[PDB]
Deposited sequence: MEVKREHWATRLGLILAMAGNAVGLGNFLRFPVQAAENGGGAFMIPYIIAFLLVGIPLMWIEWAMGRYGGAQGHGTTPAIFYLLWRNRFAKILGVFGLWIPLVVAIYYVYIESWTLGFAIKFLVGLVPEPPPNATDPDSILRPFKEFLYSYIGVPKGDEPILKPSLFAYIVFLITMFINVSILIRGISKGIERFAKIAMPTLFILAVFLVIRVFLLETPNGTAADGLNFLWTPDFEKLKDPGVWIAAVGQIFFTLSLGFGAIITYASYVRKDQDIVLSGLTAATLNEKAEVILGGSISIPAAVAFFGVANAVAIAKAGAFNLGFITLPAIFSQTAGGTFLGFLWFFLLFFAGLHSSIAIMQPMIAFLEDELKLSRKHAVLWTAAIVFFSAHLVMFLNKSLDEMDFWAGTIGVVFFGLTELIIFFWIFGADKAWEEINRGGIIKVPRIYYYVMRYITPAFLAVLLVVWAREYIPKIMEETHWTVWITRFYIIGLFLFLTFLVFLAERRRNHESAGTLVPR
């Protein structure tokens, strides 16, 4: 036997939680603003239907199939679906990807905590018109916290505050994970997910009331959701939608499979998975599209709305919005809520992105939950020093694991399960015990459409983003060693 989810609600709130921390409140509207505004819904909804939902259900079934046999991670689950030596090595990726993401994500999550503390106590720059006059003091503020050097220097010089807050952040993640699934992860989601919703609605209401001489939030929603179907001719818009889907549903990160391995043998996953995925989609379109960009376009105007979009999602949430809140009534408290929202949202994703390593140490190496959590914490905390001190090291990990990895591994899940294990055998496994059954239209979708989409996407990135700065070689060296480390642990699990 193993740990199990206590309630259907807690399972859904925990499953939906591991995608709200991926920054979709910033990620989605930026992608929508740069791919036809409201016309981006056609690629986004289709990618949500032809790629997201089928790959989501697939990850739910692979976890429950593995969890019934006591295996919450993919080095063992792949071996069940494909009795082969190549399947165990491919399974290492489903343990390597979430571990590498945690090595830099928890540190980023710690930024939101430290920024929430500084805003709460008022230790923020308070300017004083032009955007650079307002944005630059908060650019220095983030760069002084992270320790970004002034030039091409390879060394980061993070503040002691950022380091201490990172320690505190790791302590919070351990406190949730060391309690377990029901006592820890599920108890956290049932409380924080509703709190995130209430807190997000307040920001939405507070943003809709923004009025500056340069624009209104109505212009922000108008700019964000004005459709332009001329963009739909460009295949790049469809590339951005499918890749976006991997983040609204957290596909390929190894988190859905591990969380689903604690779903009991016959408990429903079809309806419970569709609800958690629908919760993810609506929460990022409504709440996410009503805060970040509307507040940005309202403050700077429609003239800078194009520049805000090209600036990117991360700059919007760590530079632009704090600078906007700085110039609004009660904005020091408003900035606290924004970073409090990002922290507690990210807290759902970090505990879920470290559970596969914990489940592996538990299921395959027979370690206690206490020792599995603390060893996982030690591996992540130690390795994060590479991200905290080496410039552009975060980017290198985010590229191999966060970008290419989840799309490559998502294609791997769909092939091992729906082709090698048997499509009919896989279809039985998904719809088994389902309160609602998957429509048979998704059979052709899972077997042909979704793998084709992921194959087209992988080649596009293999052509565009395949080709100085020797510090990335150190990062490549370290994450490759982590793969050798996990392969050795998988090997040690076979001997036991």
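Undergrad: Give the ranges of the deposited sequence, numbered from 1, for which the structure holds no C-alpha coordinates, in sequence order.
TA: The deposited sequence has unmodelled segments at 1 to 3, 132 to 134, 474 to 478, 508 to 519.
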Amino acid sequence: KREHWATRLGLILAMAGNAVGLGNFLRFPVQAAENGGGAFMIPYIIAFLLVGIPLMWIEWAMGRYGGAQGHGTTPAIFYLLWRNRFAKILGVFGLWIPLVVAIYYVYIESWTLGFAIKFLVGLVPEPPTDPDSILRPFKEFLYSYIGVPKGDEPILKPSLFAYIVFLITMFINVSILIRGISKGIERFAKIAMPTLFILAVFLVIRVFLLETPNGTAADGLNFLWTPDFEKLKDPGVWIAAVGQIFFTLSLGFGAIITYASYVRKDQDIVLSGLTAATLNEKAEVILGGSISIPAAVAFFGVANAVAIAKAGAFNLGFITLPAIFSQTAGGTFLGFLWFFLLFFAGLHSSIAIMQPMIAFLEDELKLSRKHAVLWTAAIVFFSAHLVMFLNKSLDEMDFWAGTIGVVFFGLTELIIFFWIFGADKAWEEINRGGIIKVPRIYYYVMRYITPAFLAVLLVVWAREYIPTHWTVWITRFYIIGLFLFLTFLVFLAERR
From here on, numbers count along this sequence of modelled residues.
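Undergrad: Please compare 213 to 221 with 364 to 372 and name the stretch with the higher mean C-alpha B-factor in the deposited structure.
TA: Result: 213 to 221.
Undergrad: Would you determine, from the values in the PDB entry, which of 103 to 111 and 145 to 153 has the greater average C-alpha temperature factor?
TA: The stretch with the larger average C-alpha B-factor is 145 to 153.
Undergrad: Quiz for you: based on the deposited Cα B-factor, which of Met170, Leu249, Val204, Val237 is highest?
TA: Across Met170, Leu249, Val204, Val237, the entry lists the biggest C-alpha B-factor for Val237.
Undergrad: Lowest, middle or highest third of the chain for the C-alpha temperature factor of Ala493?
TA: Answer is highest: the recorded C-alpha B-factor places it there.
Undergrad: Which third, lowest, middle or highest, does the C-alpha temperature factor of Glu396 belong to within its own chain?
TA: As the PDB entry reports it, the C-alpha B-factor of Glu396 lands in the lowest third of its chain.
Undergrad: Which third, lowest, middle or highest, does the CA B-factor of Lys231 fall in along this chain?
TA: Answer is highest: the recorded C-alpha B-factor places it there.
Undergrad: Would you check the entry's CA temperature factor for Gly180 and let me know if it's in the chain's lowest, middle or highest third?
TA: Tercile = middle for this residue's CA B-factor.
Undergrad: So where's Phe409 on the chain's Cα temperature factor ranking, which third?
TA: Middle third by C-alpha B-factor.
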